[PDB]
Amino acid sequence: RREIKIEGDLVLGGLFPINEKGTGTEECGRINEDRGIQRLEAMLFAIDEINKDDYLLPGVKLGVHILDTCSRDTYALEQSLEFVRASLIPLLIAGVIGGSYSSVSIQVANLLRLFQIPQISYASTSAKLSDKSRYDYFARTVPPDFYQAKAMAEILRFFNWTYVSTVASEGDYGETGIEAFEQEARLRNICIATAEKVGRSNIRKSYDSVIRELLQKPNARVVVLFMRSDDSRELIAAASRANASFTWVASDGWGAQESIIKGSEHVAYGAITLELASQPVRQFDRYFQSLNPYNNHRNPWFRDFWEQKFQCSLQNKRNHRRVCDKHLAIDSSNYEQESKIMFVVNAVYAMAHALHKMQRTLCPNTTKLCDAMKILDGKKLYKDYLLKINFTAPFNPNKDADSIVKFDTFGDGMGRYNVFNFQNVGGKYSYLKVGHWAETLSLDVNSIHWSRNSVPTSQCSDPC
Amino acid sequence: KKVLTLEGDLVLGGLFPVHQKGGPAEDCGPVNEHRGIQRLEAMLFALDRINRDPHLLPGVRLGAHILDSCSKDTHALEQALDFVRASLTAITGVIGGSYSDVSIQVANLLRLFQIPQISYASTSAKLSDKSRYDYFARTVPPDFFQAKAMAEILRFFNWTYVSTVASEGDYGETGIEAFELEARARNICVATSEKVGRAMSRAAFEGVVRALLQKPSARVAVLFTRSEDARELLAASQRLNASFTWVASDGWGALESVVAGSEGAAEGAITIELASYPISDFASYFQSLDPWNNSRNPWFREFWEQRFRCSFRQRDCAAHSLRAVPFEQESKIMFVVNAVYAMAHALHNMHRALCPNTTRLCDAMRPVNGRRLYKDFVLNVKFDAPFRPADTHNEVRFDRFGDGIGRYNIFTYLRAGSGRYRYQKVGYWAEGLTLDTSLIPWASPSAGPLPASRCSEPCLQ
Ligand SMILES: N[C@@H](CCC(=O)O)C(=O)O
Ligand SMILES: N[C@@H](CCC(=O)O)C(=O)O
């Protein structure tokens, strides 16, 4: 296995979904180009920025203990044992800035709550979390799935889609989200045509029974997806194979990423997805576009990533593929910033300020490491400082209410979303924003490209 | 908190719900007199018998490290840290886990440290996945057969329109899923699906009862609930004066605390328990127990104060004996004993397969590894049951996923002998439904029409 073990006075661990589930060694195969390396480099850039500046955490240097979660909760639990090994090269971790999947975050929080280690997530949106009775050391920077369910129910009601079908992914993310969506639909007089639960368990659908059942009922052409990025890609590939076209109202799992839609653009011409409200970070783009496989030695996976993004394998020597050694680097022509980078950078600074206001209180006499801070109890770090943190966005020139980084009474974030429609402009398929959602709906119907160039309808019976 | 520990060459773990689930303020309060104390005493009695047995580990003495989870997964996870802090006097195996949610977290924690665990009452369909829970065995059948049995019972009585309520967790949701999948093939239809949260108040229970009462076509109610949740639902139904035909699972079983104070709301209720037989020696061992000599059980005193409503500071229960009070044995007792034996013979064959020198603990077996033990001696073990009654035909074996034979019994709560309100067995279930309607009071043709629940009654032909 590979990991980053940069040392420092204070170590902020993290867990990232660098590798995809399965597809080799029965554990994890291919590398997530978008959700596995961009967030990792964003966290590294944030750590470097905190260390290089003097305004935030002077003197004290921040190190990382980043680990790879192979898109599995069991693998994440196995890897997280090293974070609590010291309290059970033993390193004392003051915080785990990690957790991208709901199941992975839940397992990591359950393991960490015994050792009193605060944890901050950046992409895990679930209603099972934020329950302080069972998760008392969890505080994410993203809103739960309740707001997503409300927004998607409002979207369905806006277009008068009543007879809709629902497809969910088994686990701690799809199940709770689809339950909340069912409750919201029942509230808004919306009846679910059918309910499916895609999973990899012993008794589960084989990615074709769901599509066969969907085609069995042609009266409901709207499918609401609560699925992760690992299962949505395979489901859309199976749909493309079966040549079954439906309009897609997807959750944050699909997002606004083009990795899922690769070779299956036709099957998902009409797709509406919800993404967290994120603005691009220019500094992160500048840092990432200057990365090379020769000057980046602290990222073990990056070299392998260099063999996957550019389709140029055999970086040293082999007959598998041509050696694209030089004359080709990461540029804006093929690199797009992830829609959650500011959610992970703010996930780091949230602890940094928590480590900045604490050292200013326990031992304010010296602006450095002190003997009184030898032991870092998680209760004081989380409840006293981290819970009531309040700071502006580190890399946002604008200073407004939407650019503040503060938690809630349950350790959550602002419930603002954006709606992306998959449109084909000039022969190019891409996601375009067609509205937003901040306790209201602002869809732009006049600028929406549908699957059949017409507004779809989904009613149980034709009005008579 | 209090930890029950013994001394021996090999120490066996334990995890029992001695106390009941507490409120928002306290952690966990009242002691469980049937599912927390009787099972613990059964495990202790089995360990004593194994230690006294000459043919079973004549030189190796089995210890005990019984803990208390008190029906909380977080508390169970906090307590189970002692099972792994020794190794990081080590724990050989963990005989514990009475709830699916309680056992799943413990299994996940123990899989990292390669510590085998054999449960005694965990009945969940998601615990059979060997890819996620590598080191976990069970003596009781999963819910895969219980859901089928309840579907068969529902189909036998010509019930079509039913309502389902389940507890939020890894035992109720999986039960609803399996029941729905096995009912889709049949003509069973579910009207509404209701969920009971872990922290649920009386107002929410009343709201759930009202939601069930909103649709009057459905007369029955399928139950996947724990003891406390089922008791609270029955109490709410009694408060609202609502009568149903409850179809429950092993969570209710044949307990008397669920029907304590709510006998009116629970009339003619069909429940399913696991196939079991009383243990002759365990009854005598439990009845011959006193709070003074039995100083090895820290919770026993807490049980005694709850058994006859006394107080040791007030000098009460000085002449109270458990022998006089009638004894009701828990259905899932023998399984617990079997679980202990599931780690006894597994530690007996291995000692005869890796260290064939002496009968004591040799220096080569000091670091007992759970990997080889579970893969070669625990998963494939066959032996005669310890305390078989008469000369029946039963065997203790583990399947490919560490399961048991799916045999169930059907009980009905009926009032006989001037309202005794007792459970009566009206058949069993091994491979097909073979219940008898003669013993059921409301199923008799002379008693009255059979309770029916259909979405639409058959109109004129
Ligand atoms: N946000 C999804 C996971 C996908 C991701 O954003 O990385 C969740 O709630 O688990
Ligand atoms: N089998 C039920 C409860 C068993 C019992 O403790 O009686 C469960 O898995 O939660």
# chains A, B, ... in the order shown; residues from 1 in each chain; ligands from 1
call {"tool": "residues_near_ligand", "arguments": {"ligand": "ligand 2", "cutoff": "6 Å", "atoms": "only C-alpha atoms and all ligand atoms", "output": "list in words"}}
result
residues 98, 99, 100, 121, 122, 123, 124, 171, 250 and 251 of chain B
call {"tool": "select_by_dssp", "arguments": {"residues": "stretch 127-254 of chain A", "states": "helix (DSSP H, G or I)", "output": "number ranges by chain"}}
result
A: 145-158, 174-187, 209-216, 229-242
call {"tool": "residues_around", "arguments": {"residues": "stretch 139-150 of chain A", "least_positions_apart": "2", "cutoff": "7 Å", "atoms": "only C-alpha atoms", "output": "list in words"}}
result
residues 119, 120, 121, 122, 123, 125, 126, 127, 137, 152, 153, 154, 177, 180, 181, 184, 343, 347, 411, 412, 413, 414 and 415 of chain A
call {"tool": "write_last_selection", "arguments": {"atoms": "N, CA, C and O atoms", "output": "CSV table (one decimal), in the first residue's frame"}}
result
chain,number,residue,atom,x,y,z
A,119,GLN,N,-13.2,14.7,13.6
A,119,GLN,CA,-13.2,14.3,12.2
A,119,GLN,C,-14.1,15.3,11.4
A,119,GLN,O,-15.2,15.7,11.9
A,120,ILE,N,-13.6,15.8,10.3
A,120,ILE,CA,-14.3,16.7,9.4
A,120,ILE,C,-14.4,16.1,8.0
A,120,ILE,O,-13.3,15.7,7.5
A,121,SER,N,-15.6,16.1,7.5
A,121,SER,CA,-15.8,15.5,6.1
A,121,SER,C,-15.9,16.7,5.1
A,121,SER,O,-16.0,17.9,5.5
A,122,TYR,N,-15.8,16.3,3.9
A,122,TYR,CA,-15.9,17.3,2.8
A,122,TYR,C,-16.9,17.0,1.7
A,122,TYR,O,-17.3,17.9,0.9
A,123,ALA,N,-17.3,15.7,1.6
A,123,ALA,CA,-18.3,15.4,0.5
A,123,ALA,C,-19.3,14.4,1.0
A,123,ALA,O,-20.1,13.9,0.2
A,125,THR,N,-22.7,13.6,2.5
A,125,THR,CA,-24.0,14.2,2.8
A,125,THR,C,-25.0,13.1,3.1
A,125,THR,O,-25.4,12.3,2.2
A,126,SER,N,-25.3,12.9,4.3
A,126,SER,CA,-26.3,11.9,4.7
A,126,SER,C,-27.0,12.4,6.0
A,126,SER,O,-26.5,13.2,6.7
A,127,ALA,N,-28.2,11.9,6.2
A,127,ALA,CA,-29.0,12.2,7.3
A,127,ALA,C,-28.7,11.3,8.5
A,127,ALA,O,-29.1,11.7,9.7
A,137,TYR,N,-18.3,13.3,17.5
A,137,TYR,CA,-17.1,13.9,17.0
A,137,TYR,C,-17.0,14.0,15.5
A,137,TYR,O,-16.0,13.8,14.9
A,152,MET,N,-35.1,18.2,-4.8
A,152,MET,CA,-35.5,17.4,-5.9
A,152,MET,C,-37.0,17.2,-5.9
A,152,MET,O,-37.6,17.1,-7.0
A,153,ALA,N,-37.6,17.1,-4.8
A,153,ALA,CA,-39.1,17.1,-4.7
A,153,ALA,C,-39.7,18.4,-5.3
A,153,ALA,O,-40.7,18.4,-6.1
A,154,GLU,N,-39.1,19.5,-5.0
A,154,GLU,CA,-39.5,20.8,-5.5
A,154,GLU,C,-39.3,20.8,-7.0
A,154,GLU,O,-40.2,21.4,-7.8
A,177,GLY,N,-31.3,8.7,1.9
A,177,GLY,CA,-31.7,9.8,0.9
A,177,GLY,C,-33.0,9.4,0.2
A,177,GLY,O,-33.9,10.3,0.0
A,180,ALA,N,-35.9,9.8,2.7
A,180,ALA,CA,-36.3,11.2,2.8
A,180,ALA,C,-37.0,11.7,1.5
A,180,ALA,O,-38.0,12.5,1.6
A,181,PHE,N,-36.6,11.3,0.4
A,181,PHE,CA,-37.2,11.7,-0.9
A,181,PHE,C,-38.6,11.1,-1.0
A,181,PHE,O,-39.5,11.8,-1.4
A,184,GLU,N,-40.8,13.2,1.3
A,184,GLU,CA,-41.0,14.5,0.7
A,184,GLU,C,-42.1,14.4,-0.5
A,184,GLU,O,-42.9,15.2,-0.6
A,343,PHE,N,-14.8,22.8,-0.7
A,343,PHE,CA,-15.3,22.1,0.4
A,343,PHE,C,-14.3,21.3,1.2
A,343,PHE,O,-14.5,21.0,2.4
A,347,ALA,N,-12.4,22.4,4.7
A,347,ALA,CA,-12.4,21.3,5.7
A,347,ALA,C,-11.1,21.2,6.5
A,347,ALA,O,-11.0,20.8,7.6
A,411,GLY,N,-23.3,20.4,13.3
A,411,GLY,CA,-22.1,20.3,12.6
A,411,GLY,C,-22.4,20.1,11.1
A,411,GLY,O,-22.0,19.1,10.5
A,412,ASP,N,-23.0,21.1,10.4
A,412,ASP,CA,-23.4,21.0,9.0
A,412,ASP,C,-23.0,22.3,8.3
A,412,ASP,O,-22.3,23.1,8.8
A,413,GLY,N,-23.5,22.4,7.0
A,413,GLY,CA,-23.2,23.6,6.2
A,413,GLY,C,-24.5,24.1,5.6
A,413,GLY,O,-25.6,23.6,5.9
A,414,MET,N,-24.3,25.2,4.9
A,414,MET,CA,-25.4,25.9,4.2
A,414,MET,C,-26.0,25.0,3.2
A,414,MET,O,-25.3,24.3,2.4
A,415,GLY,N,-27.4,24.9,3.1
A,415,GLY,CA,-28.1,24.1,2.2
A,415,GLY,C,-28.4,24.8,0.9
A,415,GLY,O,-29.6,25.0,0.6
call {"tool": "interface_residues", "arguments": {"of": "chain A", "to": "chain B", "cutoff": "8 Å", "atoms": "only C-alpha atoms", "output": "short mmCIF file (atom, residue, chain, number, x, y, z; two decimals) with C-alpha atoms, in the first residue's frame"}}
result
data_model
loop_
_atom_site.label_atom_id
_atom_site.label_comp_id
_atom_site.auth_asym_id
_atom_site.auth_seq_id
_atom_site.Cartn_x
_atom_site.Cartn_y
_atom_site.Cartn_z
CA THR A 74 -14.16 -2.10 5.26
CA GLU A 78 -8.74 -1.17 8.09
CA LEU A 88 -4.24 2.30 21.34
CA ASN A 110 -17.64 5.07 14.79
CA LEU A 111 -14.01 3.98 15.11
CA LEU A 114 -13.76 5.72 21.02
CA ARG A 134 -24.11 8.42 18.13
CA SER A 201 -24.78 -7.89 -2.04
CA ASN A 202 -25.57 -11.59 -2.40
#
call {"tool": "closest_atom_pairs", "arguments": {"of": "chain A", "to": "ligand 1", "cutoff": "6 Å", "atoms": "only C-alpha atoms and all ligand atoms", "output": "CSV"}}
result
residue,atom,partner,partner_atom_place_in_ligand_line,distance
A:100,CA,ligand 1,7 (O),4.6
A:101,CA,ligand 1,10 (O),3.6
A:102,CA,ligand 1,10 (O),3.9
A:123,CA,ligand 1,6 (O),4.3
A:124,CA,ligand 1,9 (O),4.0
A:125,CA,ligand 1,9 (O),3.5
A:126,CA,ligand 1,9 (O),5.3
A:173,CA,ligand 1,10 (O),5.4
A:228,CA,ligand 1,4 (C),5.7
A:252,CA,ligand 1,1 (N),5.7
A:253,CA,ligand 1,4 (C),4.8
call {"tool": "select_by_dssp", "arguments": {"residues": "stretch 204-407 of chain B", "states": "strand (DSSP E)", "output": "VMD selection string"}}
result
chain B and resid 220 to 224 245 to 247 270 to 274 382 to 383 396 to 397
call {"tool": "atom_distance", "arguments": {"atom1": "atom CA of residue B:196", "atom2": "atom CA of residue A:130"}}
result
18.4 Å
call {"tool": "residues_around", "arguments": {"residues": "stretch 391-408 of chain B", "least_positions_apart": "2", "cutoff": "6 Å", "atoms": "only C-alpha atoms", "output": "PyMOL selection string"}}
result
chain B and resi 128+137-141+273-275+379+381-384+428-430
call {"tool": "atom_distance", "arguments": {"atom1": "atom CA of residue B:28", "atom2": "atom CA of residue B:66"}}
result
17.3 Å
call {"tool": "atom_distance", "arguments": {"atom1": "atom CA of residue B:354", "atom2": "atom CA of residue B:55"}}
result
17.9 Å
call {"tool": "residues_around", "arguments": {"residues": "residue A:52", "least_positions_apart": "4", "cutoff": "9 Å", "atoms": "only C-alpha atoms", "output": "list in words"}}
result
residues 47, 48 and 61 of chain A
call {"tool": "closest_residue", "arguments": {"among": "A:22, A:199, A:59, A:300", "to": "residue A:174", "atoms": "only C-alpha atoms"}}
result
A:199
call {"tool": "residues_around", "arguments": {"residues": "residue A:420", "least_positions_apart": "6", "cutoff": "9 Å", "atoms": "only C-alpha atoms", "output": "PyMOL selection string"}}
result
chain A and resi 255-256+271-275+431-436
call {"tool": "decode", "arguments": {"residues": "stretch 49-93 of chain B", "atoms": "N, CA and C atoms", "output": "short mmCIF file (atom, residue, chain, number, x, y, z; two decimals), in the first residue's frame"}}
result
data_model
loop_
_atom_site.label_atom_id
_atom_site.label_comp_id
_atom_site.auth_asym_id
_atom_site.auth_seq_id
_atom_site.Cartn_x
_atom_site.Cartn_y
_atom_site.Cartn_z
N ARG B 49 -19.39 -26.40 33.34
CA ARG B 49 -19.50 -27.79 32.90
C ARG B 49 -18.32 -28.19 32.02
N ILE B 50 -17.89 -27.29 31.13
CA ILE B 50 -16.75 -27.58 30.27
C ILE B 50 -15.49 -27.75 31.10
N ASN B 51 -15.29 -26.88 32.09
CA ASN B 51 -14.12 -27.00 32.95
C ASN B 51 -14.15 -28.30 33.75
N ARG B 52 -15.34 -28.71 34.20
CA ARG B 52 -15.48 -29.96 34.94
C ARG B 52 -15.51 -31.18 34.03
N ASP B 53 -15.69 -31.00 32.73
CA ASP B 53 -15.76 -32.12 31.81
C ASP B 53 -14.36 -32.68 31.57
N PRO B 54 -14.11 -33.96 31.85
CA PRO B 54 -12.77 -34.51 31.61
C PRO B 54 -12.47 -34.74 30.14
N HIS B 55 -13.48 -35.07 29.33
CA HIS B 55 -13.26 -35.33 27.91
C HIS B 55 -13.14 -34.06 27.08
N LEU B 56 -13.41 -32.90 27.66
CA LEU B 56 -13.36 -31.62 26.95
C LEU B 56 -12.36 -30.72 27.66
N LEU B 57 -11.17 -30.57 27.07
CA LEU B 57 -10.08 -29.78 27.61
C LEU B 57 -9.76 -30.19 29.04
N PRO B 58 -9.19 -31.39 29.25
CA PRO B 58 -8.88 -31.82 30.62
C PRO B 58 -7.80 -31.00 31.30
N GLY B 59 -6.95 -30.31 30.54
CA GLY B 59 -5.87 -29.55 31.13
C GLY B 59 -6.00 -28.05 30.90
N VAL B 60 -6.71 -27.67 29.85
CA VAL B 60 -6.90 -26.26 29.51
C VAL B 60 -8.14 -25.75 30.23
N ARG B 61 -7.97 -24.67 30.99
CA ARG B 61 -9.06 -24.05 31.73
C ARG B 61 -9.55 -22.82 30.99
N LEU B 62 -10.86 -22.77 30.72
CA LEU B 62 -11.45 -21.67 29.98
C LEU B 62 -11.87 -20.56 30.93
N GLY B 63 -11.42 -19.34 30.64
CA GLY B 63 -11.78 -18.18 31.42
C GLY B 63 -13.03 -17.50 30.88
N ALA B 64 -13.27 -16.29 31.38
CA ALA B 64 -14.42 -15.51 30.96
C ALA B 64 -14.12 -14.03 31.13
N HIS B 65 -14.56 -13.24 30.15
CA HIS B 65 -14.43 -11.78 30.17
C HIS B 65 -15.75 -11.14 29.76
N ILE B 66 -16.84 -11.60 30.39
CA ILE B 66 -18.17 -11.16 30.01
C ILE B 66 -18.32 -9.67 30.27
N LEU B 67 -18.82 -8.95 29.27
CA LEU B 67 -19.06 -7.52 29.35
C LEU B 67 -20.56 -7.24 29.28
N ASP B 68 -20.91 -5.96 29.26
CA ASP B 68 -22.30 -5.53 29.19
C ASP B 68 -22.43 -4.48 28.09
N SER B 69 -23.33 -4.74 27.13
CA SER B 69 -23.63 -3.77 26.08
C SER B 69 -24.92 -3.00 26.34
N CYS B 70 -25.82 -3.56 27.14
CA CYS B 70 -27.10 -2.95 27.51
C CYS B 70 -27.81 -2.34 26.31
N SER B 71 -27.92 -3.15 25.25
CA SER B 71 -28.75 -2.84 24.08
C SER B 71 -28.37 -1.51 23.44
N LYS B 72 -27.07 -1.22 23.38
CA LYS B 72 -26.57 -0.02 22.72
C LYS B 72 -25.35 -0.38 21.88
N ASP B 73 -25.39 -0.03 20.59
CA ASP B 73 -24.26 -0.33 19.72
C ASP B 73 -23.04 0.51 20.07
N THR B 74 -23.24 1.78 20.41
CA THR B 74 -22.12 2.62 20.82
C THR B 74 -21.50 2.12 22.12
N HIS B 75 -22.34 1.76 23.10
CA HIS B 75 -21.82 1.22 24.35
C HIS B 75 -21.12 -0.11 24.12
N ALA B 76 -21.66 -0.95 23.23
CA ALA B 76 -21.01 -2.21 22.91
C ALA B 76 -19.64 -1.98 22.28
N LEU B 77 -19.55 -1.01 21.36
CA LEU B 77 -18.26 -0.71 20.74
C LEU B 77 -17.27 -0.17 21.77
N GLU B 78 -17.74 0.67 22.69
CA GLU B 78 -16.87 1.19 23.74
C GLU B 78 -16.36 0.06 24.64
N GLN B 79 -17.24 -0.88 24.99
CA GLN B 79 -16.84 -1.98 25.86
C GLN B 79 -15.92 -2.96 25.16
N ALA B 80 -16.12 -3.19 23.86
CA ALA B 80 -15.34 -4.17 23.12
C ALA B 80 -13.89 -3.74 22.91
N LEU B 81 -13.55 -2.49 23.22
CA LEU B 81 -12.16 -2.05 23.10
C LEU B 81 -11.25 -2.83 24.04
N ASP B 82 -11.80 -3.34 25.15
CA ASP B 82 -11.00 -4.15 26.06
C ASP B 82 -10.62 -5.49 25.44
N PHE B 83 -11.45 -6.02 24.54
CA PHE B 83 -11.14 -7.28 23.87
C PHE B 83 -9.95 -7.17 22.94
N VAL B 84 -9.62 -5.96 22.47
CA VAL B 84 -8.52 -5.78 21.53
C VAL B 84 -7.35 -5.01 22.14
N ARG B 85 -7.54 -4.32 23.26
CA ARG B 85 -6.44 -3.61 23.89
C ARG B 85 -5.41 -4.56 24.50
N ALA B 86 -5.81 -5.79 24.83
CA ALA B 86 -4.87 -6.75 25.39
C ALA B 86 -3.80 -7.12 24.37
N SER B 87 -4.19 -7.28 23.10
CA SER B 87 -3.26 -7.65 22.03
C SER B 87 -2.80 -6.44 21.23
N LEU B 88 -3.73 -5.66 20.69
CA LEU B 88 -3.43 -4.48 19.89
C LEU B 88 -2.51 -4.81 18.71
N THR B 89 -2.98 -13.47 28.31
CA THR B 89 -4.25 -12.94 28.80
C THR B 89 -5.09 -12.39 27.65
N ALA B 90 -4.70 -12.73 26.43
CA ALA B 90 -5.43 -12.27 25.26
C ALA B 90 -6.76 -13.01 25.13
N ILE B 91 -7.70 -12.37 24.45
CA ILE B 91 -9.03 -12.94 24.24
C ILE B 91 -8.97 -13.90 23.06
N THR B 92 -9.39 -15.14 23.29
CA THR B 92 -9.40 -16.14 22.22
C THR B 92 -10.62 -15.96 21.32
N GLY B 93 -11.82 -15.99 21.90
CA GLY B 93 -13.04 -15.81 21.15
C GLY B 93 -14.05 -15.01 21.95
#
